[PDB]
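Listed next as structure tokens: two forms of one protein chain, kept apart as structure 1 and structure 2.
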Structure 1
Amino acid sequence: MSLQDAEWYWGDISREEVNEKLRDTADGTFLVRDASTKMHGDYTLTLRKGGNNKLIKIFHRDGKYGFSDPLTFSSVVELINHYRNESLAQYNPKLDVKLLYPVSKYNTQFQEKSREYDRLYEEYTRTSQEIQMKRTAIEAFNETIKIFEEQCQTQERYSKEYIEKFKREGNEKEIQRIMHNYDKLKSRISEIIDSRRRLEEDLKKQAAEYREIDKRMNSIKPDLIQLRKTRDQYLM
């Protein structure tokens, strides 16, 4: 029964390591670390409950350790075991939790993986912009095709009577000019439609590439996370 031999004791540890270790763990996880103030060893326990971590401070007065008055507990380990084997609702019913799981004790890859992560992020953010631009271009082409079609429809609706009168009069050069204009318009429409189809095919290929790139990013990120965790464990 000593502070150093205690498994929950962790010494002077900042919140970053505490909150990194208190992840991917079940409810009811605890560890004890030295108080940040560093005065006559106040110490501090952690208590995860409902996701949130609650920070407990062990008061010490007149050679005696306890959460609060009344002060009737001799050592820190005594109180820690007492509330490990008994619920914390005796004083404050809100906590009403049992200590079950303790925190038990137990290079170019990181830089490389961060490099590909950054390059994939840059490629992704450029590809998203170019995809948006291509989508806008395709929408513009569709809108202008619709506008041309409706203009042709209203032109025919407005000029059908005059066309019929001219063709019934006996004129032929008007028929030839109408045929020429109709052929030119049909060729232009066919060219625009073919261009739109090719652009749609290119957009499909580029969207497939975008999907593959994001899948690569999401597959690679966990490896970088694990490598960073390993490096942090080894160094600090």
Structure 2
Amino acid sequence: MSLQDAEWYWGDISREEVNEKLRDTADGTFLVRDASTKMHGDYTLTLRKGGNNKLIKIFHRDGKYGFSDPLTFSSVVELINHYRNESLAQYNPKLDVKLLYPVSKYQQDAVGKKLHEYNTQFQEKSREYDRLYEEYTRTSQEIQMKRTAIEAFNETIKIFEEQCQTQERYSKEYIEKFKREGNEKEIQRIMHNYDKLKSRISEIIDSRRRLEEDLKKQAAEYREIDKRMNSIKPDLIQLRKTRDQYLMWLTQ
């Protein structure tokens, strides 16, 4: 029944380990710490309510404990057990939560050799993720370069195509007078103009189509890399968590 043996009493862990342990957990889950100030004395009760980790000081005085000046409770374990069955609203109506789900420290349910494998396995699994990410960023920006080139090829066609309209508009005045004059030489020169313009447009569009096909292939590879990263990442996180757990075990 001593506090050191309580499931929810973690000792002198940091506020960041508390945030890690309580992240996205259900409301009412809690753990009791030794105060951030190392000096022997008050504890801190950190419980999750409304998506936040509320911090409640446990004032120690004359051998008694409590959340307020009266300080009637005999021990921290007895205080928490009292509030494990009673809502905190009796102390502070600001929050109506109850101490429901203590974050047990007994969930731990050759070790050096095994830790070596996890350190190696995580290290190479990480290298996979960073390699993909740098390959992901490279393809992400390269896709942007090829996507703006398609925007540039679209404009170029707009100007070339606009020229066809001007040539169509103006060629009529020349074509009719030459036809009634019999000047086939200038007529065929204008036809050669048409031929040159159309050939250049065709070259432009062929390069644009090759660029579009290359862009589509690049985007498919980009999505493949993205899926690879999304598949690796959960295993990376799980491996890091297990490696840290084993390291903590060995450090005991």
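All residue numbers here follow the sequence of structure 1, with the first residue given the number 1. Only the largest set of C-alpha atoms that superpose within 1.5 Å between the two forms is called the rigid core.
In the core-superposed comparison between the two structures, the C-alpha atom of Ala208 has shifted by less than 2 angstroms. The Cα position of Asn52 differs by less than 2 Å between the two structures after fitting on the rigid core. Once the rigid core is matched between the two structures, the CA atom of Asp24 is found 4.6 Å away. Relative to the superposed rigid core, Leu224 shifts its CA by 0.5 Å between the two structures. Taking the rigid core as reference, the CA displacement of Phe141 between the two structures comes to 1.1 Å.
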